[PDB]
Amino acid sequence: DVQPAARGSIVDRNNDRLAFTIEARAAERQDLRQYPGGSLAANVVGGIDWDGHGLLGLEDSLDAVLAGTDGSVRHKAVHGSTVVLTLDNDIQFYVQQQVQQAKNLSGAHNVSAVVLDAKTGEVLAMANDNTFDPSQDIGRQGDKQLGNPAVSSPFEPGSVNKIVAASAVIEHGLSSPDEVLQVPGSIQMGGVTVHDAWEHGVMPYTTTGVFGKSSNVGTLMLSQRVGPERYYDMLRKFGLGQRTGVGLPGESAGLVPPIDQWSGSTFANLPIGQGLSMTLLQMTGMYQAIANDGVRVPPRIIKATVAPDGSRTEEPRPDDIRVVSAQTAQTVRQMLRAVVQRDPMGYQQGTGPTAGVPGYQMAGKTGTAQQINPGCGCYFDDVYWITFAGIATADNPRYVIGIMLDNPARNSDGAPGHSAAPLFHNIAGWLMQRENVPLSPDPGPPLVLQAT
Ligand SMILES: *C(=O)[C@@H](NC(=O)[C@H](N)c1ccccc1)[C@@H]1N[C@@H](C(=O)O)C(C)(C)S1
Ligand SMILES: [Co+2]
Ligand SMILES: [Co+2]
Ligand SMILES: [Co+2]
């Protein structure tokens, strides 16, 4: 009497299969969910329950699309539609592996990474370490990551948030990359005292140097030019505090205190990335806006669906959001090249020189945010979220890469320190090689971070 719907498959952007059903035997007919890549993108894909319906991930959030409706004899069975993700399996595989070995080499509690297409915001890779294997019983995998922290688990961003301040001082004509500043080693602001990660007297940092060296004091002085209203407006325009609508279950909205609830010290904290939280995806989406000439395209992982006949419907594109002018975006892309600039004299070196890839105008920003002590209601002194976000490349944005390390003892590559810059180096360099993207013989002249 019953005519069963055949579950749809989940494939990547080139129709490479992530999950698909085969017919088998034991009721007697029994359909088996196949996961050829095992753990590949399982944080996104999810896994099957006993009855062949989704248990978690997109298998469950898109179950109705994937499961179809059973027929009867008279009503025809509607077989499940196929879901085409924006993921590129080759990129996801490389990224997911690097993320696992960044966690191993650095001693972090977790490591995650997101790769966006610069112009379109599509999610080309989304990975975390320790990813469960959906071809195996979930109940034996309590020691595994069963979910998708890149969208579900916000953190305080620290210094990667400085893109907002930088975008606001440029867009509002309030400063320029080459402006020579005078930056003390500390200031009192909003009732509190803010210090730079190194002690120094008044330093002739350019605006380029404030972000390339990640001066908190410098960021805040430039932020006083913007004011709370214009800065809070730029936060909101950058997408923070609000879900992206990427199409993944369990997405968090993060957390931005609204301006009418600020305390006297909120403005002293937000421009340096403390006092607010965001997801890795929101973090990478901020850099997507800048990569896309100031136009933010909310990220999306569902590319299209194919009906049982074979007809394809593309997913509807989200509307553009104008965060900053194209001129502003280009100027911020170029400033951020200072973060990867190397200088043996130290003077004109940014915080993330290991992130540069020679022959390419790489551009990014490091961060080191303090985590909250759960048994205190106060910040740890030596527990951090490490964070990197970058664009490949400044002069021709193709890829946006966002990385977070949960409190590593070492670099992502195992060298001493605490930086995520080596992992951006690995992934961005590999993305350029595999597309045979051409080098550039001249990098331009070095950027000036520090005047006289
Ligand atoms: C942004 O991430 C800033 N970090 C801080 O002010 C932290 N409170 C801090 C953590 C650890 C040591 C010193 C300060 C600046 N950006 C960092 C980075 O770009 O990696 C920094 C360590 C240069 S300070
Ligand atoms: Co009927
Ligand atoms: Co240390
Ligand atoms: Co290298």
Side-chain angles (χ1 to χ4, degrees), residues 94 98 102 106-108 155-166 183 185-187 189 192-200 203 205 209-220 222-223 268-278 283 335-336 338-342 346 349-360 362-373 378-390 392 403-434 439 449:
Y94 186 85
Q98 291 286 314
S106 69
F155 46 89
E156 299 198 31
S159 282
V160 283
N161 207 46
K162 289 183 189 178
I163 186 174
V164 180
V183 174
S186 48
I187 59 161
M189 169 166 177
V192 71
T193 285
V194 192
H195 49 314
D196 279 350
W198 62 111
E199 282 272 322
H200 62 79
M203 280 278 91
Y205 301 140
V210 163
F211 302 107
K213 284 181 187 306
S214 211
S215 169
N216 291 339
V217 174
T219 291
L220 284 173
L222 292 173
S223 293
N269 286 283
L270 295 196
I272 65 188
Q274 298 278 196
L276 83 176
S277 62
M278 59 178 72
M283 181 184 100
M335 294 189 63
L336 289 182
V339 169
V340 304
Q341 182 174 279
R342 198 170 270 289
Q349 182 164 294
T351 58
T354 60
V357 182
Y360 297 103
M362 293 311 179
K365 177 70 187 81
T366 48
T368 308
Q370 294 171 265
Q371 306 193 9
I372 294 86
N373 193 359
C378 70
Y379 281 141
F380 283 111
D381 309 277
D382 56 346
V383 183
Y384 309 107
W385 291 292
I386 306 316
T387 200
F388 198 94
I403 298 172
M404 181 271 278
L405 280 48
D406 182 5
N407 201 47
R410 298 168 295 274
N411 272 9
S412 55
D413 77 332
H418 309 276
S419 171
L423 174 56
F424 174 90
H425 179 83
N426 291 351
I427 295 174
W430 178 79
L431 284 174
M432 302 292 84
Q433 295 161 334
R434 84 185 289 263
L439 264 49
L449 293 59

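One-based numbering, in listed order, for ligands and for the atoms of each. Index from 1, following the sequence.
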Quick check: do [X] and [Y] have side-chain heavy atoms less than 4.5 Å from each other?
{"X": "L449", "Y": "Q349", "value": "no"}
{"X": "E156", "Y": "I372", "value": "yes"}
{"X": "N411", "Y": "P416", "value": "no"}
{"X": "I386", "Y": "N407", "value": "no"}
{"X": "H418", "Y": "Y384", "value": "no"}
{"X": "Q370", "Y": "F380", "value": "no"}
{"X": "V357", "Y": "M432", "value": "no"}
{"X": "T387", "Y": "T366", "value": "no"}

Should [X] be counted as touching ligand 1, given the test is an N or O pair under 3.5 Å?
{"X": "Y384", "result": "no"}
{"X": "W198", "result": "no"}
{"X": "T368", "result": "yes"}
{"X": "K213", "result": "no"}
{"X": "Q274", "result": "no"}

Task: Distance filter under 4.0 Å to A197 heavy atoms, resulting ligand 1 atoms - done: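 Under 4.0 Å from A197, ligand 1 has these atoms: 13 (C), 14 (C), 24 (S).
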
TODO: May I ask you to list the protein N, O or S atoms found at less than 2.8 Å from the Co ion (ligand 4)?
DONE: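 Per the 2.8 Å query on the Co ion (ligand 4), atoms found are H425 NE2.
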
Open item on the list: For the backbone of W198 and the side chain of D196, can you confirm whether one donor and one acceptor N or O come within less than 3.5 Å of each other?
Closed with: no

TODO: Scan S215, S214, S223 and name whichever one has a side chain to side chain donor-acceptor pair (under 3.5 Å) with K162.
DONE: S214

Tell me which protein heavy atom sits closest to [atom], plus the residue, atom name and distance to 0.1 Å.
{"atom": "atom 8 (N) of ligand 1", "result": "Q370 OE1, 3.1 Å"}
{"atom": "atom 1 (C) of ligand 1", "result": "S159 OG, 1.5 Å"}
{"atom": "atom 6 (O) of ligand 1", "result": "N216 ND2, 2.5 Å"}

Open item on the list: For atom 19 (O) of ligand 1, which of the options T387, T366, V383 provides the nearest non-hydrogen atom?
Closed with: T366

- [ ] For residues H425 and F388, establish whether the separation of their ring centroids is below 6.0 Å.
- [x] no

- [ ] Answer with yes or no whether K365 contacts ligand 1, where contact means a heavy atom under 4.0 Å from a ligand atom.
- [x]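 The answer is yes, since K365 has a heavy atom less than 4.0 Å from ligand 1.
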
